[PDB]
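Residue strings, one per chain:
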Amino acid sequence: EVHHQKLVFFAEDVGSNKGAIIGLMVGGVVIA
Amino acid sequence: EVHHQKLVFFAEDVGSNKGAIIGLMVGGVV
Amino acid sequence: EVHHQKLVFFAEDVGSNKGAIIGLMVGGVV
Amino acid sequence: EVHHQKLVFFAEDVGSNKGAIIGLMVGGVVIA
Amino acid sequence: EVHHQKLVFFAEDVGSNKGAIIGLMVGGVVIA
Amino acid sequence: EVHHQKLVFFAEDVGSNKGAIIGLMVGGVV
Amino acid sequence: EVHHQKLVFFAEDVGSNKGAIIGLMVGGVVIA
Amino acid sequence: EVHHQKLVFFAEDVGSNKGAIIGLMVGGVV
Amino acid sequence: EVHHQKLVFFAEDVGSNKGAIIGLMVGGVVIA
Amino acid sequence: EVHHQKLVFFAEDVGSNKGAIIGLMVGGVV
Amino acid sequence: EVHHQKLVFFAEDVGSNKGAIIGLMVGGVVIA
Amino acid sequence: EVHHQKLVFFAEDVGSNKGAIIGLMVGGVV
Amino acid sequence: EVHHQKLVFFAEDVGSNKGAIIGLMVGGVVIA
Amino acid sequence: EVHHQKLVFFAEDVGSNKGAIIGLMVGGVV
Amino acid sequence: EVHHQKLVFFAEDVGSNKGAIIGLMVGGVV
Amino acid sequence: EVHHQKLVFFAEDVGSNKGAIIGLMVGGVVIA
């Protein structure tokens, strides 16, 4: 009933930042 | 009963800045 | 009831961050 | 009673980061 | 090179339509 | 190289329309 | 090389209209 | 060379329609 | 050299449809 | 050496269907 | 040289289709 | 060297398509 | 009645990490 | 009667990272 | 009345990782 | 009694990690 969805991403660029690929394709469908 | 959805991206800055590739397609429908 | 969906990724760069691939293709149908 | 899923991924790049693949293809369906 | 991804669903009602659940949780992730 | 995605949905309510539940979570990250 | 994404819902009306439940979460992200 | 995916679902409801569930959980990575 | 994956489902009701559940859980992970 | 998967499922309900479950669970790694 | 995986199931009802459960679980690994 | 794997299952009932549970578990490691 | 499925994978490389291929093709099906 | 499903992957590097191929292709159909 | 499904794999490299072929084709229907 | 499945595998290398072949074909079938 209580949808508790928590997405936490940690990126500690202590050396040299760049660019990682993160795709959040979290999709939920329910009959109305 | 609420939909408590939390999305957090913690990016640390210590080196040469650039840019991440994040795509948010999180969706829901009832 | 609570639908506890916790997704957590820890990426720690201590040398030279580049870019990994994290594809969260998590879905549901009712 | 209810779904309780938790995905925890640890990536400690102490040397030199690169690019690993993490495919989370989780899909569940139910008839209402 | 063409990535041909065809998704076709044919629902034909001749009596009394209601509501079927079709969930396309198709995704992909690639290193760049 | 040339992404050709064709999503064609056919719904011919010749009797009595209502409400089908279609969920499209098609997403790709590169 | 273009992303030709075609999405179409053909709903025929011959009975009593109501309303479908469609969730369009189609997307994507690449290095730009 | 390239990917060729074809998903064709036929649902001919001559009588009374209801609610069938089609779960397309397809995920590929590289 | 093309990955040809075709999935076809033929559901034909001539009396009274209900709730057939089909789950297509297909995935794959690679590195080339 | 490209994978050629073809799945064909025929469901002919001359009387009336209730609830059948077809599970396709296929995964490969390279 | 290719891989031909053809899965075909025939389900014909002439009175009352209750519904069966057909689970197709196939997996393959390889280093290329 | 082409691999041919074709699974054909028949299930026709002229009375009551009860149905049972069939498990096709096939795994190949290279 | 209370499903407790847990997958724990350890990848400790203290030299030159390459990356193993882990295919978690876990599927489940049941008639409702 | 809770469905407790936890997946934990511990990837530790102390020299040089590369690219692991982790595929969590899990699916359930009811 | 708990269903215990514990899968644990330990991979430790003290020289030079290469990457094993770990395929967990776990299929379970009821 | 309630299903108790436990799969433990150890892969240690102190010289040069290799691509060990591990295939777990688990097949579970039971009536509901």
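If you check the header, you'll see the entry was determined by solid-state NMR.

With respect to the overall build of chain A
Within chain A, the regular secondary structure consists of 0 helices and 3 strands. Reading chain A from its N terminus to its C terminus gives the helix and strand order β-β-β. Dimensions of chain A along its principal axes, counting C-alpha atoms only, are 50 × 20 × 5 Å. Taking all 32 residues of chain A together, 56% fall into the buried category. Total accessible area computed for chain A in this model is approximately 1100 Å², and 57% of it derives from carbon and sulfur atoms.

Here we look at the packing of aromatic side chains
In this description, a pair of aromatic rings is defined by centroid distance and the angle of the planes. Counted according to the given criterion, the structure contains 28 aromatic pairs over all chains. With 4.9 Å between their ring centres and 5° between their planes, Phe9(H) and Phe9(I) make a pair best called stacked. Remark: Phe9(I) occurs in strand β1 (residues 2-13) and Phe9(H) occurs in strand β1 (residues 2-13); the pair is interchain, linking two chains. A relative accessible area of 3% means that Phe9(H) is categorised as buried. By relative accessible area, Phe9(I) is classed as buried at 6%. An angle of 5° between the planes, with centres 5.4 Å apart, marks the rings of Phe10(J) and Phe10(K) as stacked. Taken as a pair, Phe10(J) in strand β1 (residues 3-13) and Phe10(K) in strand β1 (residues 3-13) lie in two separate chains rather than in one.

As for the sheet that holds strand β1 (residues 3-13) of chain L
Spatial ordering of the open sheet is given by β1(G)-β1(F)-β1(E)-β1(H)-β1(I)-β1(J)-β1(K)-β1(L), a layout of 8 strands whose pairing is parallel. Each edge of the sheet is formed by a strand with only one pairing partner; in this case those strands are β1 (4-13) of chain G together with β1 of chain L. Between one strand axis and the next, the sheet turns through 0° on average, direction left out of account.

Structural notes on the interface of chain J and chain M
With 9 residues of chain J at the interface, the matching set in chain M holds 9 residues. Together, the buried faces of chain J and chain M total about 650 Å²; carbon and sulfur atoms form 84% of this surface. Taken as a group, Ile21(J), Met25(J) and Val29(J) account for 68% of the area that chain J buries against chain M, more than any other trio of residues on that side. Where chain J packs against chain M, one counts 0 salt bridges. Between chain J and chain M we count 0 residue pairs in polar contact in total. A class-by-class count of the residues in the side of chain J that touches chain M yields 5 nonpolar, 4 polar and no charged.

Describing a nonpolar patch on the surface
A surface patch of nonpolar side chains, about 660 Å² in accessible area, is lined by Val14(A), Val14(B), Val14(C), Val14(D), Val14(M), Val14(N), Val14(O) and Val14(P). Residue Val14(M) is classed as partly exposed on the basis of its relative accessible area of 46%.

Focus on the arrangement of the chains
Looking at chain B next to chain D, you find no contact at all, with the nearest C-alpha pair sitting 12 Å apart. At no point do chain B and chain J touch; the closest pair of C-alpha atoms across them sits 22 Å apart.

Comments concerning the interface of chain B and chain A
Across the contact, 30 residues belong to chain B and 32 residues belong to chain A. Both sides of the chain B and chain A interface together cover about 2500 Å² of buried area, and 53% of this is carbon and sulfur. Taken together, chain B and chain A are joined by 0 salt bridges. Our count for the contact surface shared by chain B and chain A stands at 26 residue pairs in polar contact. Elements with a minimum of two residues in the side of chain B that touches chain A: β1 (4-13), β2 (21-24) and β3 (27-29) of chain B. Among the elements that take part in the side of chain B that touches chain A, β1(B) stands out by supplying 10 residues, more than any other. When strand β2 (residues 21-24) of chain A meets β2(B), the two strands line up parallel, connected through 4 bridges.

Side note on the sheet that holds strand β1 (residues 2-13) of chain M
Pairing in this open sheet of 8 strands is parallel, and the strands run β1(B)-β1(A)-β1(C)-β1(D)-β1(N)-β1(M)-β1(O)-β1(P) from one edge to the other. Edge positions in the sheet fall to β1 of chain B together with β1 (4-13) of chain P, since each has one partner strand and no second. With direction set aside, neighbouring strand axes in the sheet form an average angle of 0°. Where strand β1 (residues 2-13) of chain D meets strand β1 (residues 2-13) of chain N, 12 bridges bridge the pair, whose relative direction is parallel. Paired with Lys6(D) across the strands is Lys6(N), a residue of β1(N).

Some thoughts on the side chain of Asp13(M)
Looking at the element boundaries, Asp13(M) is found in strand β1. Notably, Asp13(M) is buried but unbridged: the nearest opposite-charge side chain belongs to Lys18(N), and the N-O separation is 10 Å. One polar contact links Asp13(M) to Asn17(O), side chain to side chain, over a distance of 2.6 Å. What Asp13(M) contacts, discounting residues up to four positions off in sequence, is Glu12(N), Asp13(N), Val14(N), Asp13(O) and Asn17(O).

Scoring rules and cut-offs
Residues numbered from 1 in each chain as written, not as in the entry; some residues may be left out. Chains lettered and ligands numbered in written order. Heavy atoms only, no water. Helix = DSSP H or I, 4+ residues; strand = E, 2+ residues; numbered from the N terminus. Buried < 20%, exposed > 50% of the residue type's maximum accessible area, 1.4 Å probe, protein only. Areas by Shrake-Rupley, 256 points an atom, 1.4 Å probe, with all protein chains shown as cover. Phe/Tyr/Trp six-rings, centres within 6.5 Å; stacked < 30°, edge-to-face > 60°. Pairing = 2+ DSSP bridges. Axes fitted to C-alpha atoms, helices over the stretch in contact; angles between N-to-C directions. Contact = heavy atoms within 4.5 Å. Buried area = accessible area lost by both parts, 1.4 Å probe. Salt bridge = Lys/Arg side-chain N within 4 Å of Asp/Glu carboxyl O. Polar contact = N/O pair within 3.5 Å; in protein donor to acceptor, adjacent residues only side chain to side chain. Nonpolar A, V, L, I, M, F, W, Y, C, P; charged D, E, K, R; others polar. Patch = residues over 30% accessible without salt bridge, like charges linked within 9 Å, V, L, I, M, F, W, Y side chains within 5 Å. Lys, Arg positive; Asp, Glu negative; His and termini not counted.

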